[PDB]
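Q:
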Amino acid sequence: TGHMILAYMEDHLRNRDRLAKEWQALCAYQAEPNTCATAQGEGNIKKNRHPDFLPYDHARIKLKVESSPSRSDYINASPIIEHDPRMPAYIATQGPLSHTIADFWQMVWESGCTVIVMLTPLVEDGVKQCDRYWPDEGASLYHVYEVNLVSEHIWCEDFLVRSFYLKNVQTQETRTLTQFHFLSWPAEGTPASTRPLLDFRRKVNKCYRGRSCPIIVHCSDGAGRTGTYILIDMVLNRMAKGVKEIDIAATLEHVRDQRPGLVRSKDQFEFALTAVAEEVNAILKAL
């Protein structure tokens, strides 16, 4: 029953001492292993937006060195899996820097990715969160990846959708890609409703995802909002398959085994649980 599981989450949400104790336990959570030595190496420091938010050595996206303009494998990006391969995978990554824009697109190309989730505005009260990695109009060429803005649909003030035609100009292969851009999510504190994000999520998940390809999810540090989104999606997707592991804190633990520090605040943790419960509610009210 969803009525049973929804009753559980609502009790969980009202229980602020349980919340505080889960979060405390999560602040002390440490993966094994947890080394980020390659990311911290001297060549790579300039390629990270935030020094505290890095991929683990055991779980990082490796660019194909021969295809890289700088001949490096490094991008601040982490694969996030389940053990089952039939389940939805992600790449959690930082918002591209000006000098990592060609790295980002090489990652998009080699991963197979047809969906990008962007969770930040480019600038948040005067603080730059992300560099623009897409053309505002027409086409832009980043190394060998020609990105063509086909369509922009503003659905509301909370979110819009860009559709792109992507060409590898070397091989002449083509791909369609959709960027889902959420505009209204602050880096500190949460959105006052979970509604618009959940509507946004329904549009993301109905999009053509590719043949077993990751969704790329990013914000600024690729940890705070990125993690909170991936947590909500992961919990809800598991529920839909009727998976028996229904524990949000343990699910967050599974995400932090793969990229460190995801979900940055207790507010984001509590928002995630509120969003999961609002979606379950919504599904039932439609039945």
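The opening residue of the sequence shown carries number 691 in the deposited numbering; numbering runs sequentially from there.
Note that the Cβ used here is the ideal one computed from N, Cα and C, for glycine as well.
#1: Quick check on this structure: which residue in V859, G816 and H843 has the alpha carbon closest to the alpha carbon of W799?
#2: Rounding to the nearest angstrom, what Cα-Cα distance links residue 683 and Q869 in this structure?
#3: Can you list, in chain order, the residues of its chain with a C-beta nearer than 7 Å to that of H748? Leave out the 5 residues immediately preceding and following it.
#4: On a CA-only basis, which of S955, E968, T964 and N895 is nearest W713? Give me that one, please.
#5: Would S768 and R891 be called neighbours here (beta carbons separated by less than 7 Å)?
#6: Based on Cα-Cα distance, which residue from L812, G951, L787 and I806 lies nearest to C726?
#7: Buried or exposed for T916, please, with buried defined as at least 16 other CB atoms from any protein chain shown within 10 angstroms of its CB.
#8: Tell me the DSSP secondary structure of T725 in three-state form.
#9: I'd like to know if the segment 902 to 912 and the segment 809 to 819 are in contact, where contact means that at least 3 CB-CB pairs between them fall below 8 Å.
#10: Alpha helix (DSSP H) containing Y719: first to last residue?
#11: Which residue's Cα is closest to the Cα of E836: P886, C846, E847 and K857?
#12: With a CB to CB cut of under 7 Å and the five nearest residues on each side skipped, what residues in its chain are close to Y898?
#13: By DSSP, does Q796 sit in helix, in strand, or in coil?
#14: My output table needs one value for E756: the three-state DSSP class, helix, strand or coil.
#15: Assuming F849 and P886 make a contact with CB atoms under 8 Å, what is their CB distance in whole Å?
#16: Excluding the five sequence neighbours on either side, which residues of its own chain have a C-beta within less than 6 Å of the C-beta of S853, listed in chain order?
#17: Start and end of the beta strand (DSSP E) containing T783?
#18: Please report the residue range of the alpha helix (DSSP H) in which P886 lies.
A: Once the coordinates are examined:
#1: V859
#2: No statement about residue 683 is possible, as the shown extent of the chain runs from 691 to 977 and does not include it.
#3: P723
#4: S955
#5: no
#6: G951
#7: buried
#8: coil
#9: yes
#10: No alpha helix (DSSP H) holds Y719; DSSP gives it neither H nor E.
#11: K857
#12: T804
#13: helix
#14: helix
#15: 7 Å
#16: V840, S841 and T868
#17: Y780 to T783
#18: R885 to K896
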